[PDB]
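J.: Below: one structure in C-alpha cells.
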Amino acid sequence: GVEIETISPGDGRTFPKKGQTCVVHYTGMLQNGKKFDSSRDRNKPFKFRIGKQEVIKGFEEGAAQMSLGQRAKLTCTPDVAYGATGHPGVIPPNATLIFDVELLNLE
C-alpha cells in the first residue's frame with residue numbers, strides 16, 4: 001500500500017519512467033519513533049534509477065506516482081519492505097515506515 005499526500009507545488013506531469021535516473025531528497029521517519037535515515041545529513045541526494053529493484057517496493061511505487069518539484073509523504077506497509085525480516089539493528093520486524101520524499105530529478 002502506497003498512500004500519497006502531496007505537498008502541492010511542482011508540475012504534476014513529468015513522470016518518472018523506466019530507464020530514467022532520478023534524484024531524491026529523502027528522510028526516513030519511524031512511526032511513533034525517531035529518525036533512522038536522512039539524505040539531508042550527508043548532502044549527497046542519492047542518485048538512482050528505476051527498473052532494477054534497487055530500492056524497496058514501497059519506495060519504488062511512490063517514485064512513479066510523483067513528478068518534478070513535488071513533495072510527497074509515503075506510508076510503507078511492513079510486508080513490502082522489512083516487516084517479516086527486519087533490517088538488523090536499524091529496523092525491527094513488523095514495522096511501518098514514513099518517508100519525506102521530494103523529487104528533484106533529471107532525465
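A note on labels: chains of the C-alpha cells are A, B, ... as shown, every chain counts residues from 1, and ligands are counted from 1 in their shown order.
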Which residues of range 28-76 of chain A come within 8 Å of range 7-13 of chain A, and what is each one's closest atom pair and distance in Å (one decimal), counting only C-alpha atoms, sorted by chain and residue number, as CSV?
T.:
```
residue,atom,partner,partner_atom,distance
A:66,CA,A:12,CA,7.2
A:67,CA,A:12,CA,5.2
A:68,CA,A:10,CA,5.8
A:69,CA,A:10,CA,4.2
A:70,CA,A:10,CA,4.9
A:71,CA,A:7,CA,5.0
A:72,CA,A:7,CA,6.0
```
J.: Emit the selected residues as a tab-separated table (two decimals), in the first residue's frame, including C-alpha atoms.
T.:
```tsv
chain	number	residue	atom	x	y	z
A	66	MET	CA	5.17	11.71	-8.36
A	67	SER	CA	6.52	14.45	-10.60
A	68	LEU	CA	9.24	17.10	-10.61
A	69	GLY	CA	9.24	19.56	-7.71
A	70	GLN	CA	6.57	17.70	-5.75
A	71	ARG	CA	6.83	16.80	-2.07
A	72	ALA	CA	5.06	13.59	-1.08
```
J.: List the spatial neighbours of residue 81 in chain A as a VMD selection string - criterion: any atom at most 8 Å away, only C-alpha atoms, same-chain residues fewer than 2 positions off excluded.
T.: chain A and resid 56 to 58 76 to 79 83
J.: Grab the CA of residue 16 in chain A to CA of residue 86 in chain A distance for me, in Å with one decimal place.
T.: 28.8 Å
J.: Would you please give, as a PyMOL selection string, all residues of chain A that DSSP assigns to strand (DSSP E) based on the backbone?
T.: chain A and resi 21-30+35-38+47-49+71-76+97-103
J.: Restricted to N, CA and C atoms, what would the selected residues look like written as a PDB file, in the first residue's frame?
T.:
```
ATOM      1  N   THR A  21      17.100   8.048 -14.571  1.00  0.00           N
ATOM      2  CA  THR A  21      17.821   8.241 -13.320  1.00  0.00           C
ATOM      3  C   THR A  21      17.254   9.460 -12.606  1.00  0.00           C
ATOM      4  N   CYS A  22      16.919   9.289 -11.333  1.00  0.00           N
ATOM      5  CA  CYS A  22      16.242  10.315 -10.561  1.00  0.00           C
ATOM      6  C   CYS A  22      16.986  10.584  -9.261  1.00  0.00           C
ATOM      7  N   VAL A  23      16.806  11.800  -8.752  1.00  0.00           N
ATOM      8  CA  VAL A  23      17.493  12.291  -7.562  1.00  0.00           C
ATOM      9  C   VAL A  23      16.437  12.669  -6.535  1.00  0.00           C
ATOM     10  N   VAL A  24      16.547  12.104  -5.334  1.00  0.00           N
ATOM     11  CA  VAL A  24      15.517  12.217  -4.308  1.00  0.00           C
ATOM     12  C   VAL A  24      16.144  12.731  -3.019  1.00  0.00           C
ATOM     13  N   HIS A  25      15.565  13.797  -2.466  1.00  0.00           N
ATOM     14  CA  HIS A  25      15.861  14.242  -1.106  1.00  0.00           C
ATOM     15  C   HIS A  25      14.939  13.481  -0.164  1.00  0.00           C
ATOM     16  N   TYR A  26      15.431  12.377   0.383  1.00  0.00           N
ATOM     17  CA  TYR A  26      14.619  11.556   1.267  1.00  0.00           C
ATOM     18  C   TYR A  26      15.006  11.776   2.724  1.00  0.00           C
ATOM     19  N   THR A  27      14.072  11.435   3.607  1.00  0.00           N
ATOM     20  CA  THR A  27      14.307  11.442   5.047  1.00  0.00           C
ATOM     21  C   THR A  27      13.350  10.445   5.675  1.00  0.00           C
ATOM     22  N   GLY A  28      13.898   9.411   6.309  1.00  0.00           N
ATOM     23  CA  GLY A  28      13.082   8.364   6.892  1.00  0.00           C
ATOM     24  C   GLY A  28      12.677   8.695   8.319  1.00  0.00           C
ATOM     25  N   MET A  29      11.439   8.341   8.657  1.00  0.00           N
ATOM     26  CA  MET A  29      10.901   8.556   9.992  1.00  0.00           C
ATOM     27  C   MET A  29      10.164   7.307  10.443  1.00  0.00           C
ATOM     28  N   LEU A  30      10.421   6.882  11.673  1.00  0.00           N
ATOM     29  CA  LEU A  30       9.710   5.750  12.241  1.00  0.00           C
ATOM     30  C   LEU A  30       8.375   6.202  12.817  1.00  0.00           C
ATOM     31  N   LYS A  35      13.996   9.437  13.891  1.00  0.00           N
ATOM     32  CA  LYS A  35      14.591   9.253  12.579  1.00  0.00           C
ATOM     33  C   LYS A  35      15.435   7.985  12.534  1.00  0.00           C
ATOM     34  N   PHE A  36      15.628   7.480  11.319  1.00  0.00           N
ATOM     35  CA  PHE A  36      16.583   6.411  11.068  1.00  0.00           C
ATOM     36  C   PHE A  36      17.453   6.642   9.844  1.00  0.00           C
ATOM     37  N   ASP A  37      17.033   7.477   8.898  1.00  0.00           N
ATOM     38  CA  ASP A  37      17.809   7.707   7.689  1.00  0.00           C
ATOM     39  C   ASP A  37      17.443   9.079   7.141  1.00  0.00           C
ATOM     40  N   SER A  38      18.440   9.784   6.609  1.00  0.00           N
ATOM     41  CA  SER A  38      18.229  11.131   6.096  1.00  0.00           C
ATOM     42  C   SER A  38      19.267  11.457   5.034  1.00  0.00           C
ATOM     43  N   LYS A  47      21.585   9.573  -6.087  1.00  0.00           N
ATOM     44  CA  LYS A  47      21.283   9.275  -7.482  1.00  0.00           C
ATOM     45  C   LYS A  47      20.978   7.791  -7.664  1.00  0.00           C
ATOM     46  N   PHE A  48      19.819   7.492  -8.246  1.00  0.00           N
ATOM     47  CA  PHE A  48      19.440   6.113  -8.519  1.00  0.00           C
ATOM     48  C   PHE A  48      18.493   6.097  -9.710  1.00  0.00           C
ATOM     49  N   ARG A  49      18.258   4.901 -10.234  1.00  0.00           N
ATOM     50  CA  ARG A  49      17.437   4.693 -11.415  1.00  0.00           C
ATOM     51  C   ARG A  49      16.203   3.874 -11.057  1.00  0.00           C
ATOM     52  N   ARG A  71       6.381  17.196  -3.402  1.00  0.00           N
ATOM     53  CA  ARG A  71       6.826  16.799  -2.069  1.00  0.00           C
ATOM     54  C   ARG A  71       5.757  15.875  -1.500  1.00  0.00           C
ATOM     55  N   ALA A  72       6.040  14.579  -1.495  1.00  0.00           N
ATOM     56  CA  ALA A  72       5.059  13.592  -1.078  1.00  0.00           C
ATOM     57  C   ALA A  72       5.285  13.212   0.382  1.00  0.00           C
ATOM     58  N   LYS A  73       4.540  12.212   0.847  1.00  0.00           N
ATOM     59  CA  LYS A  73       4.669  11.710   2.212  1.00  0.00           C
ATOM     60  C   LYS A  73       4.257  10.242   2.183  1.00  0.00           C
ATOM     61  N   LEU A  74       5.245   9.353   2.176  1.00  0.00           N
ATOM     62  CA  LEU A  74       4.978   7.940   1.986  1.00  0.00           C
ATOM     63  C   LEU A  74       4.429   7.299   3.254  1.00  0.00           C
ATOM     64  N   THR A  75       3.829   6.123   3.071  1.00  0.00           N
ATOM     65  CA  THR A  75       3.346   5.292   4.172  1.00  0.00           C
ATOM     66  C   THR A  75       3.570   3.846   3.743  1.00  0.00           C
ATOM     67  N   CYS A  76       4.683   3.263   4.181  1.00  0.00           N
ATOM     68  CA  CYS A  76       5.113   1.960   3.692  1.00  0.00           C
ATOM     69  C   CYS A  76       4.617   0.849   4.605  1.00  0.00           C
ATOM     70  N   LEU A  97       6.695   2.296   8.065  1.00  0.00           N
ATOM     71  CA  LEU A  97       7.663   3.360   7.847  1.00  0.00           C
ATOM     72  C   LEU A  97       7.019   4.579   7.198  1.00  0.00           C
ATOM     73  N   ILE A  98       7.575   5.748   7.514  1.00  0.00           N
ATOM     74  CA  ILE A  98       7.129   7.032   6.987  1.00  0.00           C
ATOM     75  C   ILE A  98       8.328   7.726   6.355  1.00  0.00           C
ATOM     76  N   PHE A  99       8.158   8.222   5.132  1.00  0.00           N
ATOM     77  CA  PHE A  99       9.239   8.873   4.406  1.00  0.00           C
ATOM     78  C   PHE A  99       8.810  10.248   3.925  1.00  0.00           C
ATOM     79  N   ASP A 100       9.707  11.219   4.072  1.00  0.00           N
ATOM     80  CA  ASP A 100       9.544  12.542   3.484  1.00  0.00           C
ATOM     81  C   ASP A 100      10.343  12.556   2.187  1.00  0.00           C
ATOM     82  N   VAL A 101       9.642  12.637   1.061  1.00  0.00           N
ATOM     83  CA  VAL A 101      10.238  12.459  -0.257  1.00  0.00           C
ATOM     84  C   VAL A 101       9.967  13.703  -1.091  1.00  0.00           C
ATOM     85  N   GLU A 102      11.034  14.323  -1.587  1.00  0.00           N
ATOM     86  CA  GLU A 102      10.944  15.364  -2.601  1.00  0.00           C
ATOM     87  C   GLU A 102      11.695  14.900  -3.838  1.00  0.00           C
ATOM     88  N   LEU A 103      11.066  15.049  -4.999  1.00  0.00           N
ATOM     89  CA  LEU A 103      11.615  14.572  -6.264  1.00  0.00           C
ATOM     90  C   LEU A 103      12.132  15.762  -7.062  1.00  0.00           C
TER      91      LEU A 103
END
```
J.: Rounded to one decimal, what separation in Å do you get between CA of residue 6 in chain A and CA of residue 93 in chain A?
T.: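 About the pair CA of residue 6 in chain A and CA of residue 93 in chain A: they are 28.1 Å apart.
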J.: For the helix (DSSP H, G or I) assignment from backbone DSSP, which residues of range 13-76 of chain A qualify? Please present them as an MDAnalysis selection string.
T.: chainID A and resid 39:42 57:64
J.: Identify which of the residues A:63, A:84, A:90, A:95 lies closest to residue 51 in chain A, counting only C-alpha atoms when measuring atom-to-atom distances.
T.: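 Checking each of A:63, A:84, A:90, A:95 against residue 51 in chain A, counting only C-alpha atoms, the winner is A:63.
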J.: Provide the CA of residue 52 in chain A to CA of residue 88 in chain A distance in Å, to one decimal place.
T.: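 Value for the CA of residue 52 in chain A-CA of residue 88 in chain A distance: 23.2 Å.
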